[PDB]
Amino acid sequence: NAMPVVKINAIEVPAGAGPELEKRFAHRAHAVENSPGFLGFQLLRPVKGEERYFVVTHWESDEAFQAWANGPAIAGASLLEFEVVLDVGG
Amino acid sequence: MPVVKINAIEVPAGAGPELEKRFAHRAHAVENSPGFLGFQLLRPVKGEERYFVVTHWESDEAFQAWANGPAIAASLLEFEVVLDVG
């Protein structure tokens, strides 16, 4: 009954650096793929009305995201946080 | 190519609740549309003042056919799903 959460990292990617960014995030999706509370990942290339790439992750709760984001690691971008008010499928 | 459409709507502090009760109805008119893959209403928390109305489609034409079809009677953000995991 926790409130689902959606984090969107809006990143400025130069014109041309597209294929290298989408190759890079294909690996970063691996590290998040089986984390506790992880629901979904999407990489969104802007087409109209926006110029930044959108890195979207769906989580069970803000607690699950803070657990993954503040844990240990190996070593402009604006972060937008939302609460999934409702969700329907196709 | 799957696409995601985000309607970023300026909402006043207080009009939010009435906005969330209206989109429960509006989700009905899309949840079984052809090409429809998913709808999400996102209430902002940090870094954003707008509600994000998110719809997932199999293509832009599937979205355009639904949007520009016949009807009974705010910034749009258009994306292409590079990769989807989950």
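Cβ crowding within 10 Å ranks A:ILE11, B:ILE72 as B:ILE72, A:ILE11, fewest other Cβ atoms first. Taking each DSSP H run with n ≥ 4 as -39500 (n - 2.57) and averaging over every residue of chain B yields -7500 deg cm²/dmol at 222 nm. Taking 35 Å as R0, compute the FRET efficiency from the Cβ-Cβ separation of B:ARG26 and B:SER59 and round it to 0.05. Approximately 0.95, to the nearest 0.05. Residue by residue along B:12-24, Cβ atoms of other protein chains within 10 Å of the local Cβ number 1 on average. If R0 equals 25 Å, the separation of the Cβ atoms of A:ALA69 and B:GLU49 corresponds to a calculated FRET efficiency of about 0.65. Taking every residue in A:49-59 and counting other chain Cβ atoms within 10 Å of its Cβ, the average works out to 3. Charge dipole (Cα centre; +1 on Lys/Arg Cβ, -1 on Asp/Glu Cβ; no other charges) of chain B amounts to roughly 360 debye. When Rg and the Kirkwood Rh are both derived from Cα coordinates, the Rg/Rh ratio for the stretch B:6-86 amounts to 0.97. Size estimate for the protein assembly as shown follows the Kirkwood approach: the inverse of mean 1/r over distinct Cα pairs works out to 17.1 Å.
Note: ideal-geometry Cβ built from the backbone for every residue, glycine included; neighbour counts use all protein chains shown. No value in this document is a laboratory result; all are computed from the given coordinates.
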